[PDB]
């Protein structure tokens, strides 16, 4: 929409301080859609991406609105607000968490784009569901990280669309490198790839062998940072985290309803509204098994990332009081 582009491109962009986007405790709940788009421009601006990459304001504005438009409004959790919150957590980890200091402008550019694009056109159903219902997407990508390959395909489509080419000014070598980093960062959002690769990351930290100058270690770190940002709603102050967990559960139960109606199966506990009683004990298990070690490792990388670990520990204690 041309009208929405004009509304955004002609608007004054408030400061990062005013928008509170540097805060790990940030909440999008009170913001209007236009305000989330203004926050997004501010993220690109303050990470020196607009200046460094000579980005055309109108093009960046069109791209943000195209990304926002390509998230489904009938998806409870994996929608524009979650992608926006993931990017905000990336901005906070880069600024407040001091991750910016450890990466190049090209990596930062790729991470912010990947954070905003990582769930593009998420259908609100898991990879397993798409393989189960024999969906065309599952066939296109050989049942491996189906959604994640699709999110990158949607990301590229937007980047290649007329008037949305925010990378048009990059040199050919920079452009190819950025797309490769974006692709790897989006694929990293598949929790199966996080579990597969995390052991190597935790071992590198434990042995003090963690070296960001090594290209293989750099890619591994960017993958871990993507997961940390993706799951970051689990680290928010209790009331904010509780409201998002309700959306997470709503999406899982919506898939379960689809499985009951289309496949005639009793869904897995995670996807079964009738087994909503398992939520608190399952949240404790998931935080302990998946979340804590990741936030611990990121804090070892940069001490300033501690609020993510602190919030995760506080939420674990709260969910446990509900489950016990």
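Positions refer to the first chain, counted from 1.
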Avg C-alpha B-factor, entry values, 263-271 vs 287-295, higher side is 263-271
Looking only at C-alpha temperature factors in the entry, 62-70 or 254-262, the higher average sits in 254-262
Looking only at 155, 94, 172, 111, the Cα with the top B-factor belongs to 172
Based on the PDB entry, the highest CA temperature factor among the options 121, 190, 214, 230 is that of 214
Of the three thirds of Cα B-factor ranks in this chain, residue 40 occupies the lowest
Split the chain's modelled residues into thirds by Cα B-factor; residue 307 lands in the middle
Among the modelled residues of its chain, the C-alpha B-factor of residue 279 falls in the third labelled middle
In terms of its chain's C-alpha B-factors, the third that includes residue 148 is the lowest
On the chain's distribution of Cα B-factors, residue 207 falls within the third called highest
